[PDB]
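1. can you look at this? It's an experimental structure, sequence on top.
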Amino acid sequence: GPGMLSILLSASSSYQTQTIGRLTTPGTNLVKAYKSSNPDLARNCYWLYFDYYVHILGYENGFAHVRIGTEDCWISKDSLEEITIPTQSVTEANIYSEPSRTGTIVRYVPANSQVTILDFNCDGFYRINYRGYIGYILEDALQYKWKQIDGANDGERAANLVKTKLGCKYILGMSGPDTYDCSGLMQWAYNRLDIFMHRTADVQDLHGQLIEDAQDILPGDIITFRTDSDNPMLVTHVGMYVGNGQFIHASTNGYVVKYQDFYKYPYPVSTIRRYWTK
């Protein structure tokens, strides 16, 4: 106020200067992703998709180095656009040199100031520009919220996110904003929480915290299923638990994003995976 800093913040930060990107994938819905700026172009690690949000770490050799949560990769720089977000502050704060409790003061910001968000989810801070002064301001000092404040954890936030897509049409290979397949809905929802998961159900099945007992399932957990009787050992489907014994999924049965009764669903579970941590 403005000097008070919580002991819960680290006294040190390795957070690198980043900007915000939105994928535009011109002319299509996807872009190949690589693990270097000089890749074996035949061996892309995966793809990223239209209207996904990323952090931009930099550019090299015609590629953008992008980040979603703990995952980073390289995509053609023409597949995304840089984003800045105008907002205002609601409480006096300092712009600090870094997102920690030992940064130097770049600029005092009075309450009600017009600012521009340049990066988000910076370990409890936004990176902003105020009157040309650039640095890190505590998240709660700004009006804009990059994710929901409501919810006890990111799992509940993920459940709300898939609920916002109820009624969207099923289309194989899509991940929003208007059409989805089962695994694209999962990846999209966690993209909006700055959490990376892979694109296909059979890989989503292999990461995240394993919830061994279904009694311990919570909103935002994903459930993978084996639904192909001609390949009965292969994971082919996925949905998100949203509480009260229901999960939401994009299904060809109805060709729509819809609720489904978990225990009445007539296909075997593979794993229950928790990709949220807070």
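-> That came through fine. Numbers count the residues shown, from 1 in each chain.

2. for the rest of this, base every contact and every neighbour count on C-alpha atoms.
-> Fine.

3. tell me which element the most far-flung residue of the chain relative to its centre is part of?
-> Most distant residue from the mean C-alpha position of the chain: residue 230, 33.7 Å away (C-alpha atoms, centre = their mean). Under DSSP states H and E, no helix or strand contains residue 230.

4. that one and residue 255: what is the separation?
-> 21 Å (C-alpha to C-alpha, to the nearest Å).

5. now swap in residue 209 and tell me
-> 30 Å.

6. who has more neighbours, the two?
-> residue 255 (17 against 14; other C-alpha atoms under 10 Å).

7. check contacts around the nearest residue to the more buried one once chain neighbours are set aside.
-> Counting by C-alpha to C-alpha, 6 or more residues apart in numbering, residue 170 is the residue found nearest to residue 255 once chain neighbours are left out, at 4.6 Å. By C-alpha atoms under 8 Å, 6 or more residues apart in numbering, the residues touching residue 170 are 179-181, 250-252, 255-257.

8. now tabulate these in a markdown table and tack on distance to residue 120 and secondary structure.
-> Output for those, formatted as a markdown table (distance: C-alpha to C-alpha, whole Å; DSSP: H, G, I helix; E, B strand; the rest coil):
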| residue | distance to residue 120 | secondary structure |
| --- | --- | --- |
| 179 | 27 | strand |
| 180 | 26 | strand |
| 181 | 28 | coil |
| 250 | 29 | strand |
| 251 | 33 | strand |
| 252 | 36 | coil |
| 255 | 35 | coil |
| 256 | 32 | strand |
| 257 | 29 | strand |
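
9. now the helices for the stretch 151-278 of the chain?
-> 154-163, 182-191, 201-204 (DSSP state H, counting those that start in this stretch).

10. tell me which of these sits most buried.
-> helix 182-191 (a mean of 26; mean count of other C-alpha atoms under 10 Å).

11. nearest to residue 134, of the helices of the stretch 151-278 of the chain?
-> Evaluated over the helices of the stretch 151-278 of the chain, closeness to residue 134 peaks at helix 182-191, with 26.1 Å, by C-alpha to C-alpha.

12. neighbouring contacts of the closest one?
-> Against helix 182-191 from outside (C-alpha under 8 Å, 6+ apart): 52-53, 68, 158, 161-162, 173-176, 196-201, 204, 222, 237-240, 249-251.

13. in strands, which of those appear?
-> The strands, defined by DSSP state E, take in 53, 68, 222, 237-240, 249-251 from the contacts of helix 182-191.

14. which of the residues you listed sit farthest apart?
-> Going by C-alpha to C-alpha, the pair spanning the ones in strands among the contacts of helix 182-191 furthest: 68 and 251, at 26.3 Å.

15. note down every partner strand of the helix or strand residue 55 falls within and its orientation.
-> For residue 55, the element it lies in under DSSP H and E is strand 53-60. Strand pairing for strand 53-60, using DSSP bridges, gives strand 19-23 (antiparallel), strand 63-68 (antiparallel).

16. can you list the buried residues in the longest one?
-> For strand 63-68, the neighbour count (16 or more other C-alpha atoms under 10 Å) marks 63-68 as buried.

17. let me know the angle separating the strand holding residue 55 from helix 182-191.
-> Angle, strand 53-60 to helix 182-191, by axes from the mean of the first three to the mean of the last three C-alpha atoms, to 10 degrees: 80 degrees.

18. distance from strand 53-60 to the middle of the chain?
-> 14 Å (C-alpha atoms, centre = their mean, to the nearest Å).

19. and it, what's buried?
-> 53-57.

20. repeat that for stretch 259-268.
-> 259-260, 262.

21. can you tell me the closest non-neighbouring residue to residue 163?
-> Using C-alpha to C-alpha, 6+ apart, the closest residue to residue 163 is residue 248 (7.5 Å).

22. which residues does residue 31 bridge with?
-> Beta-bridge partners, per DSSP bridges, of residue 31: residue 48.

23. distance of it from residue 18?
-> Distance from residue 31 to residue 18, by C-alpha to C-alpha: 21 Å.

24. give me the more crowded residue out of these two.
-> Using other C-alpha under 10 Å, the more surrounded residue of residue 31 and residue 18 is residue 31, with 22 against 19.

25. mind listing what that one touches?
-> Applying C-alpha under 8 Å, 6+ apart, the residues near residue 31 are 25, 47-49, 75-76, 79.
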